[PDB]
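In structure tokens, the next block holds one chain alone, the form deposited in one PDB entry.
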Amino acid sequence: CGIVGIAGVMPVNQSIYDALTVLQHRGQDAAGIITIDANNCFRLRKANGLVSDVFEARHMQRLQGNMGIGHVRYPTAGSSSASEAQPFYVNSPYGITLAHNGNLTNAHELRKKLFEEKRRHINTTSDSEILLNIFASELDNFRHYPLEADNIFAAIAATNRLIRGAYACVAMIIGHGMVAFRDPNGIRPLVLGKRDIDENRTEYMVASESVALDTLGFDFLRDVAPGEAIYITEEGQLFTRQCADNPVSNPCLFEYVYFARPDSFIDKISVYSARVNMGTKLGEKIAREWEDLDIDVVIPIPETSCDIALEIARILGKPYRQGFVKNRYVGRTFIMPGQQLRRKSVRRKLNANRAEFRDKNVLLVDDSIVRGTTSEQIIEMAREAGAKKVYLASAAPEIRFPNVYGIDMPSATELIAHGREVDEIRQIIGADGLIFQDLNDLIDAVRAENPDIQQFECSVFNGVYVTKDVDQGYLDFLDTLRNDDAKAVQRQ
């Protein structure tokens, strides 16, 4: 998911829309924009679809105001495609809206406590609605009006003591302003930027990725620190405060592999440079372990891998060729009467340049392997195009465990690497050779750009969950949610 918040001095509707279009890769299922108008009321438009389809001129006209937040959703367990999108909203105390990228590992318990102690009903199964309700509940402990920055930060600090998981959040409180805060492990991405309008006016914005600041002409200030909260008043005054105990930087390593845009700088690391480094490490590993193999050409599987593969080919002294072309436009498959509904294909998303595989031993490079379904079909396509031996290299280590911090991953059972070694995975996908990046190599590739990061969030790779509250019982619970989400989406 992707978030954006703009505390401006002029209408923000078009700017939030624009920022969301460059964060569109973070989620294409739904989009939502909410602003605070001249009457101190929220105006909201959220619906399923790409940003360009969700917001029509008439919705834009309704989104009045100089402060607003936006969200693009990537479906996850509990927040299916059929469910209510973000931002969520509550009417007490004061009027609060919140957008979130992440996941709370103790959502179910929080929901119980919200109901039993506060009589606050949660209408969806989205942990973001729960997060908003905890925050609201903490903001409701004040008698004086309006709230001071100290009270807002105290409410966030109290919220941080109650919830667990990963979260980059942005919210607005009517009559007060905008708040942005990050989990105490710095797992989900969140940067802060500013735009000087004149001598006395400065606008502020926060976004999941720095590309949103770039596209709008905002100057990058810094990443929001792990545990930190930022509060910008209605009036344009900026406050910041550390709202967690023992904060530490454990950025999600997966953002760097393929999730984030290459032109973003997350926790001082260029995603692009980290990806080139991944190719360097993988090339070095292949040159060492596959020294005797006959490889005629290195072909990336579009699109994140093109540069990684370029670096591999360079390290290996082999030619790099565009053997696969990603179909920029993909359409749907229709369930028609009488007609047999045939095959689910990768041919719909990819085309093989026939001449580039013919009578060659090819080394294909992909960013990662999850279910292994696409790689299987891709290898088959390489063979149909006339390839002799087909080898596959993965820029990421084996993906064996589920992500419960905001990245949608299928359950452990559906991860081909779960409970399987490299050779068995290779035989299943039908490759002549398979090699994965070593985790310590991926770490060094990213860390080379910012040696200050000591440890990253690596759970999908090593099964070590930093919040220490993930056991099989929880993972099974998450699966039941997926099952319910499936029934709902099936229904639509």
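Residue numbers run from 1 along the displayed sequence. Between two forms, the rigid core is defined as the largest C-alpha subset superposing within 1.5 Å. Residues that one form lacks are left out of the comparison.
Student: As stated in the PDB record, which stretch has the larger average Cα B-factor, 104 to 112 or 320 to 328?
Tutor: On average, C-alpha B-factors are higher across 320 to 328.
Student: Please work out which of 275 to 283 and 409 to 417 has the higher mean CA B-factor as recorded in the PDB entry.
Tutor: For C-alpha atoms only, the mean B-factor is higher in 409 to 417.
Student: Out of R119, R161, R143, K194, which residue has the highest Cα temperature factor in the PDB record?
Tutor: That would be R143, according to the entry.
Student: Reading the B-factor column of the entry, which of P402, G217, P87, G386 has the highest value at its C-alpha atom?
Tutor: By C-alpha B-factor in the record, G386 ranks first.
Student: Among the modelled residues of this chain, does the Cα B factor of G78 put it in the lowest, middle or highest third?
Tutor: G78: CA B-factor falls in the highest third of its chain.
Student: Going by the recorded CA B-factors, say which third of the chain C252 sits in, lowest, middle or highest.
Tutor: Middle third by C-alpha B-factor.
Student: Please place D245 in the lowest, middle or highest third of its chain according to the CA B-factor in the PDB entry.
Tutor: Middle third - that is where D245 ends up once the chain's C-alpha B-factors are sorted.
Student: Based on the deposited C-alpha B factors for this chain, I'd like to know if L439 is in the lowest, middle or highest third.
Tutor: It falls in the middle third of the chain.
Student: Splitting the chain's C-alpha B-factors into thirds, which one does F357 fall into?
Tutor: Top third by C-alpha B-factor.
Below, we refer to the form deposited in another entry, which is not included among the displayed structures.
Student: Can you tell which residue in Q242, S345, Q237, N151 has its CA shifted by 2 Å or more between the shown form and the other one when the core is superposed?
Tutor: One residue passes the 2 Å cut-off, namely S345.
Student: Could you tell me whether the Cα atom of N483 shifts by at least 2 Å between the shown form and the other one after core superposition?
Tutor: Comparing forms between the shown form and the other one, the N483 CA shifts at least 2 Å.
Student: Does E284 count as moved between the shown form and the other one, where moved means a C-alpha shift of 2 angstroms or more after fitting the rigid core?
Tutor: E284: C-alpha displaced by less than 2 Å between the shown form and the other one.
Student: Verify the C-alpha shift of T124 between the shown form and the other one: is it 2 Å or more after superposing the core?
Tutor: No: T124 shifts by under 2 Å between the shown form and the other one.
Student: Kindly indicate if, in that other deposited form, the C-alpha atoms of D484 and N123 are closer or farther apart than in the structure shown, bearing in mind the change is 3 Å or more.
Tutor: Between the C-alphas of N123 and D484, the gap widens in that other deposited form (3 Å or more compared with this form).
Student: Are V365 and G331 closer or farther apart at their Cα atoms in that other deposited form than shown, with the shift being 3 Å or more?
Tutor: Nearer in that other deposited form, by 3 Å or more.
Student: Run through the residues found in both forms and list the stretches of 3 or more in a row whose CA moves by 2 Å or more between the shown form and the other one, fitted on the rigid core.
Tutor: The runs that move are 79 to 84, 329 to 347, 479 to 492.
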